[PDB]
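A.B. asks: Protein chains in written order, with our numbering: chain A, 1 to 134; chain B, 1001 to 1219; chain C, 2001 to 2049; chain D, 3001 to 3133; chain E, 4001 to 4048; chain F, 5001 to 5206; chain G, 6001 to 6167; chain H, 7001 to 7111. First the structure, which I've put down as structure tokens, then a few questions once you've had a look.
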Amino acid sequence: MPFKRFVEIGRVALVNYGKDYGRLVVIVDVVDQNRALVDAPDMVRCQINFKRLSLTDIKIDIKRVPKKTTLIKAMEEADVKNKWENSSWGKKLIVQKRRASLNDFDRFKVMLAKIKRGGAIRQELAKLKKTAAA
Amino acid sequence: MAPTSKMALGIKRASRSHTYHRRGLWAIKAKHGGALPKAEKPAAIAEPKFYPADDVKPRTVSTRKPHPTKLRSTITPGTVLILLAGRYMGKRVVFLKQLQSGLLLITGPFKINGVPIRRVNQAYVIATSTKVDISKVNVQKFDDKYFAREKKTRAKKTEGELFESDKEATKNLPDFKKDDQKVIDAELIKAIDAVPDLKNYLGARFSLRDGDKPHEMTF
Amino acid sequence: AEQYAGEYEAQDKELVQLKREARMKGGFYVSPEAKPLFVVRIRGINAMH
Amino acid sequence: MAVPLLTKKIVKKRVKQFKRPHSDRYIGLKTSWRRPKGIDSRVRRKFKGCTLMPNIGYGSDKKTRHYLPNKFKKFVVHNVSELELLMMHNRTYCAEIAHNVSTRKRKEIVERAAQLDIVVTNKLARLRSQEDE
Amino acid sequence: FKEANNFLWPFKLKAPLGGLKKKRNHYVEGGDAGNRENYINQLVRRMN
Amino acid sequence: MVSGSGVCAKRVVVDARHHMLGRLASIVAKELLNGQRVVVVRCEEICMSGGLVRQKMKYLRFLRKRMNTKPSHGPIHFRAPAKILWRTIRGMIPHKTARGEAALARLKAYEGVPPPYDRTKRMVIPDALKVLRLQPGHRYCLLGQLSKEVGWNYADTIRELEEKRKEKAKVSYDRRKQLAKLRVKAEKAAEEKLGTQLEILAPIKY
Amino acid sequence: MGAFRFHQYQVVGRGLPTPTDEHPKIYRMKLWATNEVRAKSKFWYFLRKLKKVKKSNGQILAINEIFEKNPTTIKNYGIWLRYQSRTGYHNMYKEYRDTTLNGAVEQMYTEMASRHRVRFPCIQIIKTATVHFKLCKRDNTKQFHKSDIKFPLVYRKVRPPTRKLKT
Amino acid sequence: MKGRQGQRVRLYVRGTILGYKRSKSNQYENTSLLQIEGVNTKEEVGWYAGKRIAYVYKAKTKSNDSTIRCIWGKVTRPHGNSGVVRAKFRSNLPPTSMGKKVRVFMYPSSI
RNA sequence: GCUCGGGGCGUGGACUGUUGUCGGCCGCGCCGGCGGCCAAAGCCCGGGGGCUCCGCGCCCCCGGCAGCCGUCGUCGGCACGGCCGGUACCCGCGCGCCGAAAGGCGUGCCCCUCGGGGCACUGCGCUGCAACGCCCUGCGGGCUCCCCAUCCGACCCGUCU
RNA sequence: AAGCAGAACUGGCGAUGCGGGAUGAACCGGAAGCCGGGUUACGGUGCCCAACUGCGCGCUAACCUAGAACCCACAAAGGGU
RNA sequence: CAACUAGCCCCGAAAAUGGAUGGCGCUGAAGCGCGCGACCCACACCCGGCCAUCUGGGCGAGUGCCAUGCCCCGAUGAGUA
């Protein structure tokens, strides 16, 4: 399936390589089933060839005429959703970054501790099922 | 490039100062230099050869320089270290001081975790973001000369005597070091317990799981 | 070397802007070359006249 | 000077060992190197794996030439008179007792050699000649 | 200063880092060979 | 991106379900050389892209070349999907050396499912015919549609294949339901233990 | 584009001849090149083939680059294009939708490579002239953007998105 | 014991010796190519330069009263896009080791 | 006064293998600056035009502007490692003082005139530093065959050609 | 017509391995002391087989021979809604 | 709607020991054309160590003697008849 293709402004996309390596973008103008003109609010625009970049579920409502500034206004109106997106809602990459930066002494010590508390929960639950069984 | 620039575009600015200080005395080692020293009555053969003297002096200074800076990445006294090599490797330990040898004094408190006083190399170590406060610890007693491991000269005693085989060639525990270690360790424990759960953490060990990347892991 | 380019920066003004949207060029002024060369041998002595 | 040159010679080795081609399957054809005269030999054409040929470049450092691995220069010593020449060198030269010399005459060579302090291999050769493993 | 040429006699350049452009073509066709002022200095700074 | 499937410290079980025959064979062969112990399961259900006609004729001409001027002693064609797969790996791997013979011996082919491997076999990073295709991309032809036209081993296999799938399907679903249920009450039981602080940092580490 | 793609070069020159009151001027066909290396040879060749001057009597004043024309967005480069196949050079007029001059080269180069089988000894173009979205006349690529730029038809076939998957 | 801590028997991140440095035609055993497990890219394998390598093996014979023997080495520089690395050893590793796991330590740490 | 041995004290030397380091050579990844290419994408403000003539919108140009860009050139900074060697006559360097240490400590001159900088000013002597094992108990090792790995294997050589 | 017979120029083989062309005396790359370390050529990078199942943009669906690297292991007139 | 242009695929294209893009196999290729990076890679190239040969030095004033010696150079080294 050669990603989402269309004729319309406003569909958000998520990285599968570019430069940038973070970045979420919206398609401001549309130019065949490969190329797209992508921009993001405080970030430099590029019209770029993307056989292998795929577009996410969430769409933001924006119109024709795309400055740099117009995009920012739409982002302010939206906002909110972006926070959720990182964890779960299409993207998943941004939350994955956090895992890597979490093996750093204090962070690692805390991380191991979470699992230990979880260990106890599994035992407690298992007892309830076990009594019912036998 | 940046440290070496002063010397490079000077040539011998430091070494110029020393001659002029000597000359501040008046008139001196120009005259003394020709007269100065020994020679003429040889040994063995030609005596074509080598050292003591002159040569030793720059070499000792140069070997001192890697001990901070080059090896170090940056590390202040009381940084928590990971020993990646050495015997005690995988233990997280607290940094007491840097020796003249360039090896590091460390000590994990003996009771909680097995690490003794010990010398370890700087090169092995990963510098972690944690610091434990070594404000009022007497690290002073332990020095470079403190760490001489006795050789298998003879018996440990005064010398000149017929001896017995019950020496420790590659090892030696002085009794004095064991007494001293307890005192220094006591102060460290106070700092360690101040931040919670650090005490258990040191003994546990860090190692890289399958799928873990040492490059991404960097503390 | 830099002042040669700076001289033509000052004098010329017809070269740069419009000409991308057109072909040919007009007049004004010309920068000379005067260059020795360096020659490095890419290809061996095998199989050549 | 002398010491790193010794290290280079002993550790590196061009103990390639120059075996004649088809020495393995013809017994009478000698182990000793002789140069393939014919064009048709692969060894002549310098194919690798066919046993590389002796050349000067394989050669060791000039100082380390004809030296025992101790860094002593080996000299086969026939009799007592020749020991006096070795005495001048001491460290540099070694004494090794000749094949021709019989057991009684070996003993006088050893005791004199001890005085020179060129004990190495001289004593060892003699000890076997007595009776010893 | 054609006698401030009067060279050593060969500069023994290194083989280029990042390699050559193909040997079988001239400069125009994406080969290396022949005249080019800009890209000769680039090449010589690989041949350090 | 990063390959989640391939060489593993210990964890090599390979799904062949709707994989590409030669794509799978190539990567599996590399793993065998690397010293991994690869168990390919669902061997008959692997697909070869292209129209039936050109896939079939490839094997058909090989059968003719096996067929005549006869001793025995070598020229051979495999009738079975499992042994066609084995032959493919025996073309990838140097089949003229003891190391490659050993690597070949670390390959196992199981049809349907082995006696219960209750760990699922999981897909190799985009190996599959299904996805690599936009849907279509013309036809594909199964090994099990090729091998029925070549003779026995498939003919006995096909009846047996069905039976294994039905039995394991039932059990696998029922354990899934109970396993899922544990997680539902887990979040309630993380609150219940007074509360938690460290563990609510954990969904920020998804 | 990054690590070029083949920038079109606004190549400046003369036609250096004799201390006489006459002189030819420079003439240009605007050529895609890699930098200086590709540019110099074709610059001589255009003059030499058409009019003849020489190569030594061809003088290169400067080479000047290109900076963003079309502001990233789309405008319809009218190209007349010559491809060498089985004989000499054959006509083509492709007027297409494109980003900018880098990309414009790419789109023509791939069409030549595939269809007409083409490498460097084929020549470039004849002229490049942009035109407006409604005005541009031929077909395929241009139509999809044309219908969007004056809208009402932005809002047509918006249904493939989420339905690429299933919904 | 001393040098002992609180768990991980596997002290190292894993690696594999695929082969030696090679053409299609020939090998040079002097340099060995190791593909290091979990190392996807050229950038990541750049970390591994300077690290110590051990090939630990067991043998029928005892030595200094131990059947376990080891050959040590060091990582020289990276090789290729896939996270392969170049390595030298004090004495060359046995080429039967093609397809074996070998151990790449953290031991001298640049970080 | 010396020498052999013993007594008494201090320094620590025995093949070979290992690890730390200084210097040289080479690779390695990453970060930063300036200029070129009238500089301008760019954004806010302002003005006019075209196209669209269904209007949004699209385009184009010009003046003020955070801004950051692809390519060319150059300089600047880091972080690591391989290999070789330990520099055996001018490579490097010490010779008064303090400072575990590294390191710094004269003076004049001039630029900066702040922080600091550059620039001048004596002669001799001389080229390897830290550590571990053991030398004997015991053992590193060398060499041959074999097995496994790997490879040119144009059949082995000669001759004719 | 010929891997043919005979000239002209030049390079090779003969006097040439090594690397490449699966394999090949002559083609391609390059002339070769002995080694360590670096870096390339030719040619490659799915696996064999050292090395991107790398990115980009097209084309191809081949039941009467799918296609796949100069020399080179052949191939054409002519036909296809 | 018609006539063309030229890509790949199809036809034209039929041989004998069974068979060869070298093999396996490969269909958003691992195919075919092409671009862009990264990367792989000869006894080649570089740097260092080292051998002989050649070249240029140098050091005998005797009383350690190879002075056809010793020591410093740098470049070079395939090799049949």
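Ideal Cβ positions, reconstructed from N, Cα and C, are used throughout, including at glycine.
If we count the other Cβ atoms within 10 Å of its Cβ and call it buried at 16 or more, is B/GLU1164 buried or exposed?
C.D. replies: Using a 10 angstroms sphere on the CB of B/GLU1164, the tally of other CB atoms stays under 16, which defines it as exposed.
A.B. asks: Looking at chain A, is there any beta carbon in it that lies within less than 9 angstroms of the beta carbon of G/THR6110?
C.D. replies: No, no contact with chain A.
A.B. asks: Work out the CA separation of E/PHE4011 and A/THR69 for me, nearest whole Å.
C.D. replies: 57 angstroms
A.B. asks: Can you list, in chain order, the residues of the segment 84-113 of chain A whose Cβ is nearer than 7 angstroms to any Cβ on chain B?
C.D. replies: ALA100, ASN103, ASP104, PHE105, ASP106, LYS109
A.B. asks: Measure from the C-beta of E/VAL4028 to each C-beta in chain G and report whether the shortest distance is under 9 angstroms.
C.D. replies: By this cut-off, E/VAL4028 is an interface position.
A.B. asks: Mind reading off the beta-carbon distance from G/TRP6032 to G/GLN6008? Whole number of angstroms is fine, and I expect it under 8 angstroms.
C.D. replies: At roughly 5 angstroms, the Cβ-Cβ gap stays under 8 angstroms, so G/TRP6032 and G/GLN6008 are in contact.
A.B. asks: Taking DSSP as the reference, what is the three-state secondary structure of G/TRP6080?
C.D. replies: strand
A.B. asks: Taking C-beta to C-beta, are E/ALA4033 and C/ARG2043 nearer than 9 angstroms?
C.D. replies: yes
A.B. asks: So, are the CB atoms of F/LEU5143 and F/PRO5081 less than 9 angstroms apart?
C.D. replies: yes
A.B. asks: So with CB distances below 8 angstroms, who are the chain G contacts of A/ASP32?
C.D. replies: Ordered by position in chain G, the residues that pass the 8 angstroms Cβ test against A/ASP32 are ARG6097, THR6141, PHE6144.
A.B. asks: From A/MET1 to A/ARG35, what distance separates their C-alpha atoms?
C.D. replies: 16 angstroms
A.B. asks: Ends of the alpha helix (DSSP H) at D/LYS3012?
C.D. replies: 3002-3012
A.B. asks: So, at 7 angstroms on beta carbons, what are the nonlocal neighbours of D/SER3060 in its own chain, with the 5 sequence-adjacent residues on each side left out?
C.D. replies: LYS3009
A.B. asks: Got a sec? Which residues, its chain only, sit under 8 angstroms from B/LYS1136 by beta carbon, not counting five neighbours each side?
C.D. replies: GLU1187
A.B. asks: Here's the rule I'm using: 16 or more other beta-carbon atoms within 10 Å means buried, otherwise exposed. How should F/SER5003 be labelled?
C.D. replies: exposed
A.B. asks: Where does F/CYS5141 fall in DSSP's three states?
C.D. replies: strand
A.B. asks: Nearest to B/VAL1093 by alpha carbon, out of B/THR1074, B/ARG1016, B/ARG1119, B/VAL1061?
C.D. replies: B/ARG1119
A.B. asks: Can you name the start and end residues of the beta strand (DSSP E) that H/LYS7100 belongs to?
C.D. replies: 7100-7104
A.B. asks: In terms of DSSP beta bridges, what is F/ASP5015 paired with?
C.D. replies: F/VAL5041
A.B. asks: On the DSSP bridge list, what partners appear for G/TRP6032?
C.D. replies: Paired residues: G/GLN6008.
A.B. asks: Compare the beta carbon distance of E/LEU4008 and C/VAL2040 with 9 angstroms and say whether it is the shorter of the two.
C.D. replies: A distance of 9 angstroms or more separates the beta carbons of E/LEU4008 and C/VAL2040.
A.B. asks: What separation, rounded to the nearest whole angstrom, lies between the Cα atoms of H/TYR7055 and H/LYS7088?
C.D. replies: 12 angstroms
A.B. asks: May I have a chain-ordered list of the beta strand (DSSP E) segments no shorter than 3 residues that lie completely inside the segment 6044-6074 of chain G?
C.D. replies: Here the runs fully enclosed are 6060-6064.
A.B. asks: Would you kindly work out how many angstroms separate the C-alpha atoms of B/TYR1020 and B/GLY1034, rounded to a whole number?
C.D. replies: 19 angstroms
A.B. asks: Quick one, which residues of the segment 6001-6019 of chain G are near chain A if we go by CB-CB under 7 angstroms, in chain order?
C.D. replies: none
A.B. asks: Between which residues of its own chain and F/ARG5079 is the CB-CB distance below 8 angstroms, once the five residues before and five after are set aside?
C.D. replies: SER5147, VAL5150, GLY5151, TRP5152, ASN5153, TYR5154
A.B. asks: Write down the C-beta distance between F/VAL5124 and F/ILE5027 rounded to the nearest angstrom, noting that I regard them as a contact closer than 8 angstroms.
C.D. replies: 6 angstroms
A.B. asks: Might you give, ordered along the chain, the residues of its own chain that have their beta carbon closer than 8 angstroms to the beta carbon of B/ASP1133, omitting 5 neighbours on each side?
C.D. replies: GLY1078, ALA1191, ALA1194
A.B. asks: Does the distance from the C-beta atom of F/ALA5180 to that of A/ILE121 stay below 9 angstroms?
C.D. replies: Not closer than 9 angstroms, so no.
A.B. asks: Pair every Cβ in the segment 6022-6039 of chain G with every Cβ in the segment 6119-6128 of chain G, then say whether three or more of these pairs are closer than 8 angstroms.
C.D. replies: yes
A.B. asks: Taking 9 angstroms as the cut-off, decide whether the C-beta atoms of H/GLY7003 and B/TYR1124 are in contact.
C.D. replies: no
A.B. asks: What is the DSSP secondary structure of residue 5957 of chain G, reduced to helix, strand or coil?
C.D. replies: For chain G, the structure presents residues 6001 to 6167; residue 5957 of chain G sits outside this window and is missing.
A.B. asks: DSSP state of E/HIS4026, grouped into three classes?
C.D. replies: strand
A.B. asks: Could you pull out every unbroken beta strand (DSSP E) segment of at least 3 residues lying fully inside the segment 1113-1159 of chain B, listed in chain order?
C.D. replies: 1126-1131
A.B. asks: Hey, how far is the Cα of E/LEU4017 from the Cα of H/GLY7080?
C.D. replies: 15 angstroms
A.B. asks: Distance check for G/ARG6038 and G/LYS6150, CA to CA, integer angstroms please.
C.D. replies: One C-alpha to the other measures close to 40 angstroms.
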